[PDB]
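Coming up is one lone chain in structure tokens, specifically the form deposited without thymidine-3',5'-diphosphate.
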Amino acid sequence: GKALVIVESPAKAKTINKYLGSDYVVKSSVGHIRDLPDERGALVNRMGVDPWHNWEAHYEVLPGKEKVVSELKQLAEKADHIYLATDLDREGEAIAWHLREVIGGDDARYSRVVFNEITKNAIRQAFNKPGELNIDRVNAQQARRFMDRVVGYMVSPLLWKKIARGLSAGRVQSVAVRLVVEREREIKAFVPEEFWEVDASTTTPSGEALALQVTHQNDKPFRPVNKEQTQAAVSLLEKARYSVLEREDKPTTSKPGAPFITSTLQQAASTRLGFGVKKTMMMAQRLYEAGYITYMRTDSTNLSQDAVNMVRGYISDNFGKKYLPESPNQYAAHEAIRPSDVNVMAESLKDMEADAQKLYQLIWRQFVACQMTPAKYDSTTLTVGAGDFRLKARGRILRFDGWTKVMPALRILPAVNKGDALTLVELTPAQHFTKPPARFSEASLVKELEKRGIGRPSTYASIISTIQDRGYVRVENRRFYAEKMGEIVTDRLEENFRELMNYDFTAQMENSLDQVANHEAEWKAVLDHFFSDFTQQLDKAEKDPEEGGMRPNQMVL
């Protein structure tokens, strides 16, 4: 009469099993078990969903999954209750749904356990008050896959006939590419502008060196545009008398960032560790399944009181009172990506390759740092007057490292009083040129997608990978480049699928899927509205170019 517990991977099973008594029998589904394969029976067949028949779906068991199916049913009868312990997100919710449909039986036999980490306490609480499968979330998850399937299978064929065979269309992927093609064109059309800067080396009364940057000439910002203007300014600066007009000494602080969420974890892992989005999410996943960190698909910077209290204890013991804030820091109930146990160091992780330990370390330090006091600096700003010019010297000295103490080990302005005379040693004119917009990176793109409300913790990685192996954009030197085909398709889609390509409408769809997940909308009605708009767009696109249809990629003579 033992209880059955189902998870989606052997790894999770392994870990969760350590915290489940003998009353439980943990089993992995090993994959999704089941999923998908003016109406056209053949189109509907390929899609596995019927837009013209109220979104009737045809879910099939994946290859070689019937064995696992019969393995679960068999274990299901022997169990008095079935616990679907899939991941906490919608996809996890849908997988749980599919397992229940297959294994069949009374709904009362099923509980949906949710937990953001696989630890003794988290599993305890998760299995103490088991919840029910949330059909709204399942519907929100299926609504998403149905529309993605629709766009994919209905827009792609049009692309094959108008542009090229094999091209793919993606509800969100095409919008993502659009961001890259837009950036590509801003860069292409950028005309670098020349501007100059003049730095001045001076000596304080006490003989110390003081590097100054000219900021103003005649109270207006100093922005010479060419060599002649710079020379004229330089010959004036060469004869001027330098003196400190203002000495601004102010205490400043730097606060630690918020604990990681999916998008910032990917950004930081990419910038600091050079890790790609896929690599990061793959390692993050293994760390989560091994019970080392909380769920890695989140956009919440929340930290549980237990997590906060465990880290504050670590900070007090290992860093001291001055690094412990009066009260815990709170940022912006899911959780941030943090270690499951702060006392587990990156070096102590079992069966994790070097890079996964490094990701853990990144996550660990960010988590610890986020609960530490601010770093304190004594900032100094010197405003120097030189005839009609004003020069600036900015300095900074660390007064208290605070949170930076958990980060790896790492300009001193000389002492000058206002009114002091400075001696000019040398003037250095430097030619600069405005730089075109930076190219999207592994990080900055997810960030841009997060910013525009387009992505989603559990889609960022997928979106980034999907737009790459299909000839639209390519990553070179850890940077995105839009391919000719990416621009060609993006122009076609913007012209004939404007609503589908619109950033706001795309962000709004995410809101609409969230409305479904929160019982504020009904999935089929949301799918109907989407399909209505979609088909209207699609019908015009299929027409001849002279009818306002999509332009073929021909270059007629």
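Start at 1 and count along the sequence shown; that's the residue number.
Unshown form solved in complex with thymidine-3',5'-diphosphate; subsequent notes refer to it.
- When thymidine-3',5'-diphosphate is superposed onto this form from its pose in the deposited bound form, none of its atoms comes within 2.4 Å of a backbone or C-beta atom, and the site is therefore classed as open.
- The closest heavy atom approach of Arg272 to thymidine-3',5'-diphosphate in the deposited bound form falls within 4.5 Å.
- Using a 4.5 angstroms threshold between heavy atoms, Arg365 counts as touching thymidine-3',5'-diphosphate in the deposited bound form.
- The closest heavy atom approach of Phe260 to thymidine-3',5'-diphosphate in the deposited bound form falls within 4.5 Å.
- At a distance threshold of 4.5 angstroms between non-hydrogen atoms, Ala268 is in contact with thymidine-3',5'-diphosphate in the deposited bound form.
- Interface residue among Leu236, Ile412, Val425, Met407, judged by heavy atoms within 4.5 Å of thymidine-3',5'-diphosphate in the deposited bound form: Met407.
- Checked against thymidine-3',5'-diphosphate in the deposited bound form, the candidates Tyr110, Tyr288, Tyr242, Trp403 yield a single residue with a heavy atom inside 4.5 Å, and that residue is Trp403.
- You can rule out all but one of 73-81, 301-309, 463-471, 365-373: in the deposited bound form, only 365-373 has residues with a heavy atom within 4.5 Å of thymidine-3',5'-diphosphate.
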